[PDB]
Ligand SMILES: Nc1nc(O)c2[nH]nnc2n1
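As a starting point, one isolated chain is supplied in structure tokens, in the form deposited without the named molecule.
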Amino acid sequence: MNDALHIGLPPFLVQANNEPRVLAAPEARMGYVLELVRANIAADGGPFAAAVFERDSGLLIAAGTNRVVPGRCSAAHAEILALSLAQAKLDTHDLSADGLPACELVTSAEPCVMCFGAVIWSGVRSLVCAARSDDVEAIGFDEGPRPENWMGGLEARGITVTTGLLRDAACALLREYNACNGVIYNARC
């Protein structure tokens, strides 16, 4: 509405937040996240996606993707959407809240500065990344002024960090995205 923050979720993302799913393996988890990436790109969104799991069971709780441009909202990153939807579903601003399960945020690329903090407040206890910062930098997409050893900063707060998971297919997904960005029409896109 015009009297409430309202970020719309594309059909495939709604489905992604609708169908129950459980993926044990980190590979499996990131694999599904990378599926939403390809989708997102085909739904007019940035090449970024994320999902919050119950970490210790693999129960998908919520997913998000970059809807910045189509959404006319710079704050609509993949991490912000998944972290919110996740908090809304479990109905609490704290995923670290008393009773809730230990949550985990699987993202296609190392988080930017905005989301970096977004992660700290969320209440998740673990972050799992795919594409290293350089890969993202490598094609525009600025990570933003993150403080020294942000990764360390997270470990310190109890948020375990991991990067590189399925980085190969992640960087590929970034590239065909970039490959298909210009304005001159290409039927192969």
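Numbering starts at 1 and runs along the sequence shown.
The following text describes the form solved in complex with the named molecule, which does not appear among the structures shown.
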query: 4.5 angstroms heavy atom contact with the named molecule in the bound PDB entry for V136; finding: yes
query: 4.5 Å heavy atom contact, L85 to the named molecule in the bound PDB entry; finding: no
query: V68, heavy atom within 4.5 angstroms of the named molecule in the bound PDB entry; finding: yes
query: Contact label in the bound PDB entry: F48 to the named molecule, heavy atom within 4.5 Å; finding: yes
query: Partner-facing stretch of 154 to 162, 141 to 149, 25 to 33, 51 to 59, counted where any non-hydrogen atom is within 4.5 angstroms of the named molecule in the bound PDB entry; finding: 141 to 149
